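Enquirer: here's my sequence, what's the structure:
(chains A, B, C, D, E, F, G and H, ligands or ions: 3)
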Amino acid sequence: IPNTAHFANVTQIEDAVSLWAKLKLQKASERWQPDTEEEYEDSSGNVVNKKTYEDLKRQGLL
Amino acid sequence: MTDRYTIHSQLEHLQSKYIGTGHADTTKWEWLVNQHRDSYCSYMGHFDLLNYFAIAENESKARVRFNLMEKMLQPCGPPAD
Amino acid sequence: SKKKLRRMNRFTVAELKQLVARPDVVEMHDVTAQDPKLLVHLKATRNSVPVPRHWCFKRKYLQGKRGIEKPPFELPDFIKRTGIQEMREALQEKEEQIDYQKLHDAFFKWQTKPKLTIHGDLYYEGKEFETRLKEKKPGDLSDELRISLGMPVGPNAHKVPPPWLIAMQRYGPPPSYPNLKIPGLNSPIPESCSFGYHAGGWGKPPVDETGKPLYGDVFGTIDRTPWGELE
Amino acid sequence: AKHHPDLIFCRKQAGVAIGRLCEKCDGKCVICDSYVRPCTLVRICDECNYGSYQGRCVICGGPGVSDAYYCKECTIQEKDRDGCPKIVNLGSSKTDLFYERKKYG
Amino acid sequence: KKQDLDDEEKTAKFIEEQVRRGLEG
Amino acid sequence: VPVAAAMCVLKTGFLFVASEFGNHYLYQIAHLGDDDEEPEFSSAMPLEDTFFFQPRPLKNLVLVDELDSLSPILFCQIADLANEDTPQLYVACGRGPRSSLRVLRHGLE
Amino acid sequence: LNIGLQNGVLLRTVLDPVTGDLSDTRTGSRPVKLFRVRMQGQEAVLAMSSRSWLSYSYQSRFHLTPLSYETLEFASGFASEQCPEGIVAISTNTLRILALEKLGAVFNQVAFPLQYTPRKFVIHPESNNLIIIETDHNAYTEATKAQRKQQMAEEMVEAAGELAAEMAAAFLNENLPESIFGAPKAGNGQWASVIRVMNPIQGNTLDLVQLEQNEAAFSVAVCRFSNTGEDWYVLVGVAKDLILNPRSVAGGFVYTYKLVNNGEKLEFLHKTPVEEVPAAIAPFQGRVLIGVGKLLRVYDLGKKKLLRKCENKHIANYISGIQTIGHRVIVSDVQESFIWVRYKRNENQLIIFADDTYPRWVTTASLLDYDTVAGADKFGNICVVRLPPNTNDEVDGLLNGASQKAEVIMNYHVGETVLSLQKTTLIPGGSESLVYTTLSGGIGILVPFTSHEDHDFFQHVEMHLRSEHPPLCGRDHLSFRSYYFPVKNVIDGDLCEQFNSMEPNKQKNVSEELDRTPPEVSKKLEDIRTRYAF
Amino acid sequence: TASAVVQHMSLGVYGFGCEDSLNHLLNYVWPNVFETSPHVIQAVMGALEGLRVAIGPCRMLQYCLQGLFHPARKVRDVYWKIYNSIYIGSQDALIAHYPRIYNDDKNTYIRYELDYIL
Ligand SMILES: [Zn+2]
Ligand SMILES: [Zn+2]
Ligand SMILES: [Zn+2]
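Expert: Residues are numbered from 1 along each chain as shown, chains lettered A, B, ... in the order given. Ligands and ions are numbered 1, 2, ... in the order given. Coordinates below:
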């Protein structure tokens, strides 16, 4: 766990690990995963994650 | 003791003289409700915010004024205790 | 019993950080409020200004500051241009044993504003000696740092080699700071600088065996007018 | 006034009767207790102008000699809207000085 | 007086410009 | 008549109706509106239902005049959409069925 | 005396044994001939150079207003029983007996009717037509109204009574024009919207689209996606099941239309659902920014449905409008303020880099230049906010806001909600000004000074007038203009231009306080209006 | 004595656009707000209401928020005294300035009429 101002007044190990779960999830949401969320144009006329699109792109065909 | 009760009398009297001031034990509920009620009197005042709501909804300014003054009674739900 | 009832329902600092959307904002004392939730929400709003730090300090405010000696107040330089320092010294010294156009120009023609803190800058004991930090910027330098290095200060500092630019070009820049660009190392030598080994050289451009730079680019390979301005 | 915190004002509804000050006190604002820039006139509560008190120095209690005004500040922050500023307590100062007088001479 | 002269010149500028624009018109 | 923020019935049988939005109006009263077939409701007639009635175009007034007004002004854009070189204002304004898009210019009609 | 040259300019002057004072304007490069008529209770002058200019001291003020009519060779006054007051005017091979309308009301107008409250409208730049979206909460779209009408007629017949007496078809024929009999309309959550392409010269509605019942339209933009060709497209945000006062939605959609037939026909492409009411849309470097709810997305046009090319989810409350200069983007949200935002392209991010230090319920905004934005407010104010000089455009907290904040350099309480701010020039060759209109119907302008001399002068005019001619109702003018945030860097034109109507002795008090004469001062007032505006 | 100065200065500069420096002087003045000797506490309060008319109440409100509900009671006393002295003046201007406060289960604390979007 990074020692940051969010953990001020946390003395118990269980509280630090837990608080960590919620904080990790929140920064998870605010951060934007481009590849995980971007929408790419299937040439027929479909939409799929940019990561899958580039993978398949090379992936013999796409 | 003396401080607490003289400041308590001064705050109760200043408040009964000005509706909406506060004192060191004002609760979230009274704060928020006085703050609504003032918003309401001020919408009915400024001739214009009235026009804004009466166009956003599609009511007429008399009906809008009436609903505001209806709500000014208990605007933030029923009290807390 | 009622005080104890509120105490019994009182939250831990961990619980108050937990439910609350922002947990840092939460101080050890906020748990003692009537409403933990409203107080943390009010400390978690933008542009608000936190309560001054010395509310709990058992000692007094600037009474605690006390003991060291302080130099007398230093006049704004434009008042100092008048020299009223010298006139006061001469009259005072004679007793101890000024024209008016300069004063009017000093107040209007050449008076300029100081440096002032924006909203949220509270004063606290030590803020005048607080060390300005966080400046992770490699480009910013000093004149005391340049001189105490023996490196030139002023407008030639850019062509005055920082002694660790040669170690930047030798081990890479400081590895904790990949984002560090060094002029003449990852950006071109500044204007009129010259790479070289003579007193004042910029070393040799960091280079691979095909002719591309291993760090940055050692050679350097809208309508911003305001709207309504006076004339 | 701002100088003896033990003093009180009438604080009822203002009226139409103007307020007057003794020659002794004259020249000042009633509240900001300065001496400058008189802007607007004082008005006093109906009671505080009833009876013998027609024309009395609001502060000193004595004879009316001139009009009582409001400083530019007090009228800018609108402290001039609190009704009669008539001071309905005499205050310790006048009493004690008179008493020591009667003692001495 | 200099300010008077100045604004006289300002107006002359205005008229000249607007009339030369009319001239292209 | 479109909803009013204040009517005022003069002498001389006029009636100035200041619609709260849009144009104003000035009517005059040509029938005091009695003795016809319009059924009159009352305090006294019982029902237990509400009496009904049926709207109809004007009979007892006549529209003498009509004052122009802009209020409200929900959008405005200054532009040159005709040949001319002075830009007009395209002010889309109104409320509900009486709304309009107005074009304004400097000038007198 | 009035002086007309033959290069279109004209002079006024007051008459004495000598010509004492002067002031002159332009009236067209063709020779300026002057004529006399009496009008609306005053004699006043005509003048034609290339259009007709009626000059009259409007209750003691020269207003010189053009007319709306064709050029002239000659004319003169005229009165009749047929035309009780007007003009004989001989003109391009024509004679005309004319009459002049309301001699107030600086502006003309002409009105084309609509159906709903028109929330927004944009101009198609090629064809010069308007795309207007109209909406109404608490109403009925045309479909549902006709259906429900006939349906009520169906439950009329079931009365089972003499069956014979049929008001059914009578009713169903009866439609009172809603424009005059009210909007036969109600419901609490029930919206109804409409899109219309409308030509601005003649009132004809070139085209019309009627959305479903509970669909409302909130924002529209006219762009040209870079990937496809030169086809223009129309995007129309849309909310679905808005409830106003509690607040909750089903969700949004973004209708897309092809704008074919040189700009005269909308035709559908596809509608892409979206997870809140997209409240404002803007074109931006070939792709369209869309602020939905609290998030700010960069979208790009696919042929199935709109696609998402980038995003940001830090924006505070709810996004009310968005503006973009070439590189960076001024989001403007409903409570917090303007929020600047930078679009790092290659790395494909939107980064928040600086924003305002006040809370300010922005309604509309407008970009003066790179640094500064001028924003209205919903309570009535106008603020102008500029980024301080040294800021770093490009980064990757502070007071819970972003790292560097934006200073405020003008505050002013107009008086009425300001719903549309825009910077432009009205007269030809007259200097750029900032035109606002309001929700009561007023149209005002703000005007930048150029010279400290004049700025200080007007400052002293108004400062003295303030105290020597206080408002009627007893308000204190400085306070009034400083209702919400204290006034800063603005001079009030309607205090100053009341000098002309004060009483002459007091006119003199002031005029001497600046050591000028009432005529001098009055002319110096009439400049700024003369040269910036009407 | 420094606090008296700021009072009068801000009352004189009312309306002229010199607010940045008044704001900076307010930042130094604010911390004395916890004090005891009546002459200084009363000079400070005077200064604060002067600064109210010269900065606006949006500013004083931002300064006065975090302690309206502090756990202490000496501070809550001081802060509610200041916040009253504001609210009495300019209780109308304060309408467009209150922060947005999230509603809980059994009440409704948000004013929605203010974001009726047009
Ligand atoms: Zn005073
Ligand atoms: Zn009294
Ligand atoms: Zn006296």
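
Enquirer: contacts, neighbours, all on C-alpha from now
Expert: Noted.

Enquirer: and residue G:511, what does it touch?
Expert: G:517-518, G:521 (CA atoms under 8 Å, 6 or more residues apart in numbering or on different chains).

Enquirer: which among the residues you listed are in contact with chain E?
Expert: Among these, proximity to chain E is found for none (CA under 8 Å from any CA of the partner chain).

Enquirer: my read: residue G:65 touches residue G:57, true?
Expert: No. Counting by CA atoms under 8 Å, residue G:65 sits too far from residue G:57 to count as a contact (11.0 Å).

Enquirer: more neighbours, the two?
Expert: Legend: neighbour count by other CA atoms under 10 Å in any protein chain shown for residue G:65 and residue G:57, higher for residue G:65 (18 against 13).

Enquirer: what distance do you get for the more buried one to residue C:21?
Expert: Going from residue G:65 to residue C:21 by CA to CA, to the nearest Å gives 61 Å.

Enquirer: narrow the contacts of residue G:511 to just the buried residues.
Expert: G:518, G:521 (16 or more other CA atoms under 10 Å in any protein chain shown).

Enquirer: nearest to residue G:29, out of the contacts of residue G:511: which one, please.
Expert: residue G:521 (30.4 Å; CA to CA).

Enquirer: please settle this for me: is the closest one part of a helix?
Expert: Yes. Counting by DSSP: H, G, I helix; E, B strand; the rest coil, residue G:521 is located in a helix.

Enquirer: ok, the closest residue to it other than its chain neighbours to ligand 1 distance?
Expert: Spatial nearest neighbour of residue G:521, chain neighbours left out: residue G:511 (6.9 Å); criterion: CA to CA, 6 or more residues apart in numbering or on different chains. Distance, residue G:511 to ligand 1, using CA to the ion, to the nearest Å: 31 Å.

Enquirer: doesn't residue G:511 belong to a helix?
Expert: Yes. Looking at residue G:511 with three-state DSSP, it is inside a helix.

Enquirer: ok, it to chain A distance?
Expert: To chain A, residue G:511 is 63 Å away according to CA to the nearest CA, to the nearest Å.

Enquirer: what's the burial count for residue G:250?
Expert: Neighbours of residue G:250 (other CA under 10 Å): 12.

Enquirer: got the contact list for it?
Expert: G:239-242, G:276.

Enquirer: can you tell me which of those is closest to chain B?
Expert: Chain B lies nearest to residue G:242 out of the contacts of residue G:250, by CA to the nearest CA, at 11.4 Å.

Enquirer: nearest residue to that closest one in space, please, no chain neighbours.
Expert: The shortest distance from residue G:242 to any non-neighbouring residue, by CA to CA, 6+ apart, is to residue G:249 (4.7 Å).

Enquirer: that neighbour reaches residue G:241, doesn't it?
Expert: Yes. Using CA under 8 Å, residue G:249 is in contact with residue G:241, at 5.2 Å.

Enquirer: what about the two, which has more around it?
Expert: residue G:241 (19 against 15).

Enquirer: for chain B, what's its nearest residue on chain E.
Expert: residue E:14 (39.8 Å).

Enquirer: make sure that residue is indeed in a helix.
Expert: Yes. Using three-state DSSP, the assignment for residue E:14 is a helix.

Enquirer: that one and chain D, how far apart?
Expert: 43 Å.

Enquirer: contact residues of chain H facing chain G?
Expert: Applying CA under 8 Å from any CA, one finds that chain H approaches chain G through H:15-17, H:53-58, H:93-94, H:96-97, H:112-113, H:115-118.

Enquirer: excluding its backbone neighbours, what's nearest residue 16?
Expert: Because you didn't say which chain, this covers chain A. residue A:10 (6.3 Å).

Enquirer: chain F is the one I meant
Expert: In space, residue F:16 is closest to residue F:26, 4.5 Å off (CA to CA, 6+ apart).

Enquirer: other residues contacting stretch C:4-11?
Expert: With CA under 8 Å, 6+ apart as the criterion, stretch C:4-11 contacts C:31-32, C:36.

Enquirer: narrow those to those that are buried.
Expert: The buried subset of the contacts of stretch C:4-11 (16+ other CA under 10 Å) comprises C:31-32, C:36.

Enquirer: buried sites along the longest helix anywhere in chain B?
Expert: What stands out as the longest helix in chain B, according to DSSP state H, is helix B:28-45. Residues B:29-30, B:32-40, B:42-44 are the ones in helix B:28-45 that count as buried (16+ other CA under 10 Å).
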